[PDB]
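Working notes, beginning with the structure itself.
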Amino acid sequence: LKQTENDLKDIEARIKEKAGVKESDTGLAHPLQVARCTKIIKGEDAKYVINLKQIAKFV
Amino acid sequence: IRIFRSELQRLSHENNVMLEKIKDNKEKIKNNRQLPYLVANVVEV
């Protein structure tokens with residue numbers, strides 16, 4: 001069990017780190033304590049683009 | 001019906017000259033404006 005969970009970083013975590021980080025950090029960006037978006041253009045309807053940080057607030 | 005149709009064709013064609021001119025401008029004026037607008041307040045005009 002000890003050696004089984006050691007090599008999971010090269011196998012299982014490669015997909016986990018891609019869907020759990022790279023997708024969340026895409027474009028300088030499930031309990032959510034933080035959300036960020038930078039320069040997102042989407043055609044009013046599902047626009048969002050909200051920065052939870054006190055710096056550069058959006059509407 | 002005779003003289004008016006001669007001058008109408010010139011004004012109608014010139015209206016198409018600015019039509020193709022604004023057609024590329026309408027695409028630029030909408031695209032150059034950044035959709036994710038940021039909140040700001042002008043202190044001095």
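We name chains A, B, ... following the order of the structure tokens; residues begin at 1 in each chain, and ligands are numbered from 1 as shown.
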If the cut-off is 8 Å, can you tell me the residues of chain B near chain A, counting only C-alpha atoms? I'd like them as a PDB file with N, CA, C and O atoms, in the first residue's frame.
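Output (iface_32.pdb):
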ATOM      1  N   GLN B  34     -13.243  46.194 -25.115  1.00  0.00           N
ATOM      2  CA  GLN B  34     -13.040  45.001 -24.304  1.00  0.00           C
ATOM      3  C   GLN B  34     -14.324  44.679 -23.550  1.00  0.00           C
ATOM      4  O   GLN B  34     -14.823  45.506 -22.780  1.00  0.00           O
ATOM      5  N   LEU B  35     -14.859  43.480 -23.776  1.00  0.00           N
ATOM      6  CA  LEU B  35     -16.122  43.068 -23.175  1.00  0.00           C
ATOM      7  C   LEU B  35     -16.019  42.943 -21.655  1.00  0.00           C
ATOM      8  O   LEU B  35     -16.922  43.409 -20.949  1.00  0.00           O
ATOM      9  N   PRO B  36     -14.961  42.321 -21.093  1.00  0.00           N
ATOM     10  CA  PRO B  36     -14.821  42.345 -19.631  1.00  0.00           C
ATOM     11  C   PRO B  36     -14.428  43.721 -19.118  1.00  0.00           C
ATOM     12  O   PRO B  36     -13.268  43.952 -18.763  1.00  0.00           O
ATOM     13  N   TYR B  37     -15.388  44.642 -19.081  1.00  0.00           N
ATOM     14  CA  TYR B  37     -15.114  45.992 -18.611  1.00  0.00           C
ATOM     15  C   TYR B  37     -14.789  45.987 -17.123  1.00  0.00           C
ATOM     16  O   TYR B  37     -15.375  45.231 -16.343  1.00  0.00           O
ATOM     17  N   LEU B  38     -13.849  46.841 -16.733  1.00  0.00           N
ATOM     18  CA  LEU B  38     -13.420  46.963 -15.347  1.00  0.00           C
ATOM     19  C   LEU B  38     -14.027  48.213 -14.721  1.00  0.00           C
ATOM     20  O   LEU B  38     -14.129  49.257 -15.369  1.00  0.00           O
ATOM     21  N   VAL B  39     -14.432  48.095 -13.457  1.00  0.00           N
ATOM     22  CA  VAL B  39     -15.038  49.217 -12.751  1.00  0.00           C
ATOM     23  C   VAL B  39     -13.984  50.284 -12.492  1.00  0.00           C
ATOM     24  O   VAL B  39     -12.885  49.989 -12.004  1.00  0.00           O
TER      25      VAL B  39
END
Write out as a compact mmCIF listing (two decimals) with N, CA and C atoms, in the first residue's frame all residues of chain B that backbone DSSP assigns to alpha helix (DSSP H).
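Result saved to result13.txt:
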# COMPACT_ATOMS: atom_id res chain seq x y z
N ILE B 3 -34.51 63.51 -64.72
CA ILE B 3 -33.31 64.14 -64.17
C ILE B 3 -33.05 63.64 -62.76
N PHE B 4 -34.11 63.38 -61.99
CA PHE B 4 -33.95 62.95 -60.61
C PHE B 4 -33.26 61.59 -60.51
N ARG B 5 -33.51 60.70 -61.48
CA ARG B 5 -32.88 59.38 -61.43
C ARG B 5 -31.38 59.46 -61.70
N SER B 6 -30.93 60.50 -62.39
CA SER B 6 -29.50 60.64 -62.66
C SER B 6 -28.73 61.01 -61.40
N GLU B 7 -29.25 61.98 -60.63
CA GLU B 7 -28.59 62.39 -59.40
C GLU B 7 -28.85 61.42 -58.25
N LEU B 8 -29.94 60.65 -58.30
CA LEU B 8 -30.22 59.69 -57.24
C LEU B 8 -29.22 58.54 -57.27
N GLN B 9 -28.79 58.13 -58.47
CA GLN B 9 -27.82 57.05 -58.57
C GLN B 9 -26.47 57.43 -57.97
N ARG B 10 -26.09 58.71 -58.08
CA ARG B 10 -24.83 59.15 -57.49
C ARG B 10 -24.90 59.15 -55.97
N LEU B 11 -26.00 59.67 -55.41
CA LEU B 11 -26.15 59.68 -53.96
C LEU B 11 -26.35 58.28 -53.41
N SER B 12 -27.00 57.39 -54.17
CA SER B 12 -27.19 56.02 -53.71
C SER B 12 -25.88 55.25 -53.73
N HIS B 13 -25.01 55.52 -54.71
CA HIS B 13 -23.72 54.84 -54.76
C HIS B 13 -22.78 55.36 -53.69
N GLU B 14 -22.77 56.68 -53.46
CA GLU B 14 -21.95 57.24 -52.40
C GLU B 14 -22.40 56.75 -51.03
N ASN B 15 -23.70 56.49 -50.86
CA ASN B 15 -24.18 55.89 -49.62
C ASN B 15 -23.67 54.47 -49.46
N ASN B 16 -23.42 53.77 -50.57
CA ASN B 16 -22.81 52.45 -50.51
C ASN B 16 -21.31 52.51 -50.27
N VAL B 17 -20.66 53.62 -50.63
CA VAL B 17 -19.23 53.78 -50.36
C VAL B 17 -18.99 53.85 -48.85
N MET B 18 -19.78 54.67 -48.15
CA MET B 18 -19.68 54.71 -46.70
C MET B 18 -20.27 53.47 -46.04
N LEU B 19 -21.13 52.73 -46.76
CA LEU B 19 -21.67 51.49 -46.21
C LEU B 19 -20.58 50.44 -46.06
N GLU B 20 -19.78 50.24 -47.10
CA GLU B 20 -18.63 49.34 -46.99
C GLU B 20 -17.55 49.92 -46.08
N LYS B 21 -17.50 51.24 -45.92
CA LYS B 21 -16.53 51.85 -45.02
C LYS B 21 -16.91 51.60 -43.56
N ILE B 22 -18.19 51.74 -43.23
CA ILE B 22 -18.63 51.48 -41.86
C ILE B 22 -18.76 49.98 -41.59
N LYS B 23 -18.95 49.16 -42.63
CA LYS B 23 -19.06 47.72 -42.43
C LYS B 23 -17.81 47.15 -41.78
N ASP B 24 -16.64 47.61 -42.21
CA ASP B 24 -15.40 47.24 -41.54
C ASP B 24 -15.19 48.00 -40.24
N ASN B 25 -15.81 49.18 -40.10
CA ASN B 25 -15.69 49.94 -38.86
C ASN B 25 -16.59 49.37 -37.77
N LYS B 26 -17.78 48.88 -38.14
CA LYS B 26 -18.66 48.25 -37.17
C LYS B 26 -18.01 47.02 -36.56
N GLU B 27 -17.25 46.27 -37.36
CA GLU B 27 -16.54 45.11 -36.83
C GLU B 27 -15.38 45.53 -35.94
N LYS B 28 -14.75 46.67 -36.23
CA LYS B 28 -13.63 47.13 -35.41
C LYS B 28 -14.10 47.78 -34.12
N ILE B 29 -15.15 48.61 -34.18
CA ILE B 29 -15.58 49.34 -33.00
C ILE B 29 -16.16 48.39 -31.95
N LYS B 30 -16.76 47.28 -32.38
CA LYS B 30 -17.30 46.32 -31.43
C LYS B 30 -16.21 45.41 -30.88
N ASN B 31 -15.24 45.03 -31.72
CA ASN B 31 -14.20 44.10 -31.29
C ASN B 31 -13.12 44.80 -30.46
N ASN B 32 -12.79 46.05 -30.80
CA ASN B 32 -11.75 46.76 -30.06
C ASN B 32 -12.18 47.06 -28.63
*Residue neighbourhood residue A:25, 9 Å, only C-alpha atoms, exclusion window fewer than 4 positions, as number ranges by chain*: A: 20-21, 29, 36-37
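Atom to atom, atom CA of residue A:14 and atom CA of residue A:26 stand 16.2 Å apart.
The coordinates place atom CA of residue A:35 at 25.9 Å from atom CA of residue A:9.
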